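**Student:** Got a structure for you, written out below as structure tokens; questions coming shortly.
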Amino acid sequence: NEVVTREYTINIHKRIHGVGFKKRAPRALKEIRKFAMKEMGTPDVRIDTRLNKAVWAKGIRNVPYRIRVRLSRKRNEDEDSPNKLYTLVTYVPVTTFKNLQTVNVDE
Amino acid sequence: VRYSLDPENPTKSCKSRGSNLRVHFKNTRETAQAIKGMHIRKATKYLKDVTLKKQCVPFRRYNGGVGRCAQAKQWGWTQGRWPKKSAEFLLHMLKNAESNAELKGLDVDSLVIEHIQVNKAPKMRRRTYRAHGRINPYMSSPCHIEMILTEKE
Amino acid sequence: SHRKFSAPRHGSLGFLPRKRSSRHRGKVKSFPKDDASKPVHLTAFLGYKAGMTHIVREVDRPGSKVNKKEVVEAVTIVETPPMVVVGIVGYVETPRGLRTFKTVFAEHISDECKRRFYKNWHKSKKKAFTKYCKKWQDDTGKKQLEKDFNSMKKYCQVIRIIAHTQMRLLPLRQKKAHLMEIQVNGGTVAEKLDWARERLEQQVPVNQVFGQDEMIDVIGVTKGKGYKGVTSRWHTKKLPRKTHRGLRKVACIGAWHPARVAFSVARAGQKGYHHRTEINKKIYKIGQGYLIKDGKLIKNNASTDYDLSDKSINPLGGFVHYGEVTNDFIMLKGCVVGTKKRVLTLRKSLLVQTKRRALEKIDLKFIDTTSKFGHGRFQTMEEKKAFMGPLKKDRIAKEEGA
Amino acid sequence: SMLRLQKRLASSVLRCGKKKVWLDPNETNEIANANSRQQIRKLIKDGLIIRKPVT
RNA sequence: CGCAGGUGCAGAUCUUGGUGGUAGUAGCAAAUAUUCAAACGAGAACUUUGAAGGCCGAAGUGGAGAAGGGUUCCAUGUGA
RNA sequence: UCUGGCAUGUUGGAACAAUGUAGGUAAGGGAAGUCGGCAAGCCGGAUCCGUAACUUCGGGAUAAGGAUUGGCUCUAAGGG
């Protein structure tokens, strides 16, 4: 199975811990890219602009502790790039993070 | 023109060179030395790995102030770096040599880099401003590179 | 000219090289002197530093101001699961020193001990000792083993056991066992060999090596602290505030005429991760470790004969940066070298213990078990639940269930 | 392509600053063709160039 | 064979030019800060567009002039 | 902060060692440091009280010393 969508909770708090004030939001974006690469093995990770807004919503210092994202492996044949498969990361707005498991998504 | 060395037999060899290349001579000399003697496919794979920082070039002669990395043990050495510009320039020249081999009818899957040398090209002059109203030289160190590949298997 | 006012030098040259230790495991550099009249016994053991807590005891030194009075003493807990004997080493005395004569290994060696023989166990085929073990089964190989024990009997003066720790029982990420040579003291070389042979492949608990209220030596590697200046490494005086080019340094690193920096001058460099041997650490307790009896788990470690709290040596929330202690442990007075999880070497004393402090018999009245993850104030979870009362999370659970 | 000229031209035509000028990101090719103030005026009337509201 | 010299260099902190080791070293640390996506393109951390997060905070990092500069102004193209 | 302007001031990535530059904090003492309180720290606004010696009668004077200060709901007075 190549095309697959899953929902995750990423603990930005424990991946940001210790980094400087002027670098917390910029580093949180690179941590989401690393998370997407490890979960779905594609080195081509694309982050939706709405997810970029969610990370920066409180500035460069006070990044949200937890973010709920949707990872979506799709074919890169639309671009015919050297990398065959790519992952798109979108933002999932939630009210609470309690009891939120990693969930398979189908349509 | 004239190369430093003549191939053992010119029929089974291809040549490729370049002049006044804006790469650091000291970095390219070490990269060429690591490339020397290697098969053309293994040299192409190695130079791409130098770009990705997966394999390193051992800095043996021009090593003053060079850091120490784990990948240098593969070369029996302690100091190594990842000269990206030198690896790109040598990748371009390897592609040129491979195209010359195809033109004259040599199989490219048995090609060995038997000769490679880098020479200091004429320097280019710029300036830096150095306090108390002084101007100091700010020079580049380009290089000529030539390689001879020979069929060997 | 002379130093205006005298002051003792900063630091000691007895620990001079002040480098990173070449070994991670502590090394016994001198075993206790052998006495043939004493029974056969081991002289060292391997443990792991779990954490520190404090105890309450009443002292029994008559002329002191704390005589018959209750005192609080810091202690360290060293988790010591049993060791497995896997080999025997023989040594001969030569005018050039002690030389390794012959070593013999057991037939079956566990995978955790074999892990010590590889740098990449994942890529290995696990072929270590696969031909040696076949010698224990073959008839020709069995004769060679008997001859090799006989040569050790008639030629060796020192006999040691190769033993390893069981890291299955420890709550550590690492799965590779620590191997060690432990010298066998007492008896004759023949009696040492017979003792070694019969408990080959067997388990040696820590209670058969050390006893209660005895004073032992702890060998290990100090906590690492990286590159440090002379102010922290050697504790030199800080230069005044208005100093140019640096306060935290030694002003004069030598006189003119010797024309060299001497080795006795404080310089910046590596601090910590030093091999050290502290010598007088008393055993306050030897814990029993968790055991299942009649289907119920016994947690009674660290319950004295004055509290009977039915608690464990484990503090509330567990030891910090170390898992739960479920095996036998040694409680030592004071502090010991190393980080948490650091492997410690415990060996018997080289000295004769005759002072009152070393001979006194200690009996704990209380053992602190409050959380070390903050300002803990409850010894047990049952005590905390009784004091606090029902909480919202308990009522929510009751609502969900009903 | 580069739209430095068009952001300057729409700024002068709309009588606003260049920070209030909006060029449609999906119509870059058509906007790049506009090299006159009069074509900028047509793009404004077509909605391809918009004056953003004040903050 | 004779005739005549601006006739022999290791030095002169010598003169002019060229080149090393140092050395792939010192360094590219004053004024809070960047991120996501797309477009053109052989090639993008740095160009442009859009969306975010920030700064100058009207004695401005704004809008205009005097001296001085002299085409640096504007469009198109190139990337030595 | 808005209008307007910008892309952090001739580069970026990773790490968070010593020494440093810049900014802080510190138990108990309280200048014992040092040539020297250098440096830092204390005080600091406004309202209501209260202010010495000395004096060229002008001052010294914010001398010194003390109290108050938030939010909310009211009341009284002050005009065309």
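Residue numbering restarts at 1 in every chain; chains get A, B, ... in the order shown in the structure tokens, and ligands count up from 1 in that same order.
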Specify as a count of residues only all residues of chain A found within 12 Å of chain E, counting only C-alpha atoms (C1' of nucleotides).

**Tutor:** 33

**Student:** Residues within 7 Å of residue 42 in chain A, please, as a list in words. Count only C-alpha atoms (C1' of nucleotides); anything in the same chain fewer than 4 positions from it doesn't count.

**Tutor:** residues 37, 85, 86 and 87 of chain A

**Student:** Take the residues from that selection and put them in a file with C-alpha atoms, as a CSV table (one decimal), in the first residue's frame.

**Tutor:**
```csv
chain,number,residue,atom,x,y,z
A,37,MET,CA,10.1,11.3,7.0
A,85,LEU,CA,6.5,9.3,-3.8
A,86,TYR,CA,5.8,12.4,-1.6
A,87,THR,CA,4.1,13.1,1.7
```

**Student:** Choose the residue, out of B:140, B:4, B:63, B:9, that has the smallest atom-to-atom separation from residue 79 in chain B; count only C-alpha atoms.

**Tutor:** B:63

**Student:** I'd like the interatomic distance between CA of residue 57 in chain C and CA of residue 376 in chain C, to a tenth of an Å.

**Tutor:** 20.8 Å

**Student:** Nearest to residue 40 in chain D: which of D:9, D:21, D:54, D:16 is it, counting only C-alpha atoms?

**Tutor:**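 Comparing D:9, D:21, D:54, D:16 against residue 40 in chain D, the winner is D:9.
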
**Student:** Contacts from chain E to chain D, 7 Å maximum, only C-alpha atoms (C1' of nucleotides): show me the residue list as a PDB file with N, CA, C and O atoms (P, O5', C5', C4', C3', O3' and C1' of nucleotides), in the first residue's frame.

**Tutor:**
```pdb
ATOM      1  P     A E  39       4.782  25.625  -9.586  1.00  0.00           P
ATOM      2  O5'   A E  39       5.143  27.041 -10.214  1.00  0.00           O
ATOM      3  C5'   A E  39       4.141  27.880 -10.769  1.00  0.00           C
ATOM      4  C4'   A E  39       4.729  29.187 -11.230  1.00  0.00           C
ATOM      5  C3'   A E  39       5.963  29.072 -12.107  1.00  0.00           C
ATOM      6  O3'   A E  39       5.627  28.853 -13.465  1.00  0.00           O
ATOM      7  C1'   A E  39       6.333  30.686 -10.409  1.00  0.00           C
ATOM      8  P     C E  40       6.520  27.885 -14.377  1.00  0.00           P
ATOM      9  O5'   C E  40       7.751  28.800 -14.792  1.00  0.00           O
ATOM     10  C5'   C E  40       7.543  30.026 -15.472  1.00  0.00           C
ATOM     11  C4'   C E  40       8.764  30.905 -15.410  1.00  0.00           C
ATOM     12  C3'   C E  40      10.078  30.242 -15.783  1.00  0.00           C
ATOM     13  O3'   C E  40      10.260  30.126 -17.184  1.00  0.00           O
ATOM     14  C1'   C E  40      10.364  31.517 -13.814  1.00  0.00           C
ATOM     15  P     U E  48      12.723  40.217  -4.696  1.00  0.00           P
ATOM     16  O5'   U E  48      11.430  39.797  -5.521  1.00  0.00           O
ATOM     17  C5'   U E  48      11.144  40.382  -6.781  1.00  0.00           C
ATOM     18  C4'   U E  48      10.016  39.661  -7.473  1.00  0.00           C
ATOM     19  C3'   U E  48       8.751  39.469  -6.652  1.00  0.00           C
ATOM     20  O3'   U E  48       7.920  40.615  -6.655  1.00  0.00           O
ATOM     21  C1'   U E  48       9.338  37.427  -7.684  1.00  0.00           C
ATOM     22  P     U E  49       6.958  40.923  -5.408  1.00  0.00           P
ATOM     23  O5'   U E  49       5.796  39.848  -5.541  1.00  0.00           O
ATOM     24  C5'   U E  49       4.891  39.886  -6.631  1.00  0.00           C
ATOM     25  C4'   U E  49       3.955  38.707  -6.607  1.00  0.00           C
ATOM     26  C3'   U E  49       3.231  38.457  -5.297  1.00  0.00           C
ATOM     27  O3'   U E  49       2.117  39.307  -5.101  1.00  0.00           O
ATOM     28  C1'   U E  49       4.117  36.427  -6.089  1.00  0.00           C
ATOM     29  P     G E  50       1.791  39.870  -3.638  1.00  0.00           P
ATOM     30  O5'   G E  50       1.107  38.636  -2.900  1.00  0.00           O
ATOM     31  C5'   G E  50      -0.061  38.036  -3.434  1.00  0.00           C
ATOM     32  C4'   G E  50      -0.363  36.712  -2.781  1.00  0.00           C
ATOM     33  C3'   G E  50      -0.404  36.699  -1.264  1.00  0.00           C
ATOM     34  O3'   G E  50      -1.603  37.225  -0.729  1.00  0.00           O
ATOM     35  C1'   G E  50       0.818  34.837  -2.029  1.00  0.00           C
TER      36        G E  50
END
```

**Student:** So that each row is one residue of chain A with an atom at most 12 Å from chain F, can you give its shortest atom pair and the distance in Å to one decimal, using only C-alpha atoms (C1' of nucleotides), rows by chain and rising number, as CSV?

**Tutor:**
```
residue,atom,partner,partner_atom,distance
A:18,CA,F:16,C1',10.2
A:19,CA,F:16,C1',10.1
A:20,CA,F:16,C1',10.9
```

**Student:** What separation in Å, quoted to one decimal, exists between CA of residue 105 in chain C and CA of residue 172 in chain C?

**Tutor:**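 A separation of 26.9 Å between them.
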
**Student:** Compile a residue-level contact table for chain D against chain F at a cut-off of 12 Å, reporting for every qualifying residue the shortest atom pair and its distance in Å to one decimal, with only C-alpha atoms (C1' of nucleotides) counted, rows ordered by chain and ascending number, as a Markdown table.

**Tutor:**
```
| residue | atom | partner | partner_atom | distance |
| --- | --- | --- | --- | --- |
| D:11 | CA | F:4 | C1' | 11.8 |
| D:15 | CA | F:4 | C1' | 11.9 |
| D:16 | CA | F:4 | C1' | 9.0 |
| D:17 | CA | F:4 | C1' | 6.6 |
| D:18 | CA | F:4 | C1' | 9.0 |
| D:19 | CA | F:4 | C1' | 8.6 |
| D:20 | CA | F:4 | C1' | 10.0 |
| D:53 | CA | F:3 | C1' | 11.9 |
| D:54 | CA | F:2 | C1' | 8.5 |
| D:55 | CA | F:2 | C1' | 7.4 |
```

**Student:** Near residue 126 in chain B, counting only C-alpha atoms (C1' of nucleotides), which residues have an atom at most 10 Å away, once you skip same-chain residues fewer than 6 positions from it, shown as a PyMOL selection string?

**Tutor:** chain B and resi 136-140

**Student:** Since we have the selection now, will you write its residues out, keeping C-alpha atoms, as a short mmCIF file (atom, residue, chain, number, x, y, z; two decimals), in the first residue's frame?

**Tutor:**
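This went into again.cif:
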```
data_model
loop_
_atom_site.label_atom_id
_atom_site.label_comp_id
_atom_site.auth_asym_id
_atom_site.auth_seq_id
_atom_site.Cartn_x
_atom_site.Cartn_y
_atom_site.Cartn_z
CA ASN B 136 45.27 43.62 1.61
CA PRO B 137 45.11 41.07 -1.23
CA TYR B 138 41.97 38.91 -1.48
CA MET B 139 42.97 36.24 -3.99
CA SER B 140 41.33 33.19 -5.52
#
```

**Student:** Which distance in Å separates CA of residue 317 in chain C and CA of residue 64 in chain A, to one decimal?

**Tutor:** 27.6 Å

**Student:** Hey, list the chain E side of the contact with chain B: 7 Å cut-off, only C-alpha atoms (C1' of nucleotides), answer as number ranges by chain.

**Tutor:** E: 23-25

**Student:** Write out as an MDAnalysis selection string all residues of chain B that DSSP puts in helix (DSSP H, G or I) for this structure's backbone.

**Tutor:** chainID B and resid 10:12 25:35 40:51 70:75 84:103 108:110
